[PDB]
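A.B. asks: Quick one: structure below, then a few questions.
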Amino acid sequence: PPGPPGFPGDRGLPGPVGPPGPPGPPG
Amino acid sequence: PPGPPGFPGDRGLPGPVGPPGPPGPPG
Amino acid sequence: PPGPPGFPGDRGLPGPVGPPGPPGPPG
């Protein structure tokens, strides 16, 4: 008889860090 | 006897890029 | 026969927030 389903996979890697933000308000 | 368990699932796909940084400090 | 493949892993989490932007214009 056929075996049972394989074990579910691991969660993926986290995404990369986001890019830098934009310039702040004028002084 | 039944066959072996199936092959393990693949790791999930990488997550999306993180959000852009917040605005900088005042000038 | 071996069982079917395992369910694929769930997608990774979004990355953390990017660095703060630079200081704003001198104004």
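Ligands are numbered from 1 in the order shown, chains are lettered A, B, ... in the order of the structure tokens, and residues start at 1 in each chain.
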Using only C-alpha atoms, determine which residues lie at most 6 Å from residue C:15, disregarding the query and same-chain residues fewer than 4 positions distant; provide the list as a list in words.

C.D. replies: residues 14, 15, 16 and 17 of chain A; 17 and 18 of chain B

A.B. asks: Just the residues within 7 Å of residue A:11, please, counting only C-alpha atoms, with nothing from its chain fewer than 5 positions along; format it as a PyMOL selection string.

C.D. replies: (chain B and resi 11-12) or (chain C and resi 9-12)

A.B. asks: Interatomic distance between atom CA of residue B:5 and atom CA of residue A:13?

C.D. replies: 25.3 Å

A.B. asks: Quick one: distance from atom CA of residue A:4 to atom CA of residue B:8 in Å, one decimal?

C.D. replies: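 Rounded to one decimal, the two atoms are 11.3 Å apart.
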
A.B. asks: Need the shell around residue B:22: protein/DNA/RNA residues with any atom at most 9 Å away, counting only C-alpha atoms. Skip same-chain ones fewer than 3 positions apart. Format as an MDAnalysis selection string?

C.D. replies: (chainID A and resid 20:24) or (chainID B and resid 19) or (chainID C and resid 17:21)

A.B. asks: Would you kindly return, as a PyMOL selection string, each protein, DNA or RNA residue with an atom no farther than 8 Å from any atom of residue A:26, considering only C-alpha atoms and excluding same-chain residues fewer than 3 positions away?

C.D. replies: (chain B and resi 26-27) or (chain C and resi 24-27)
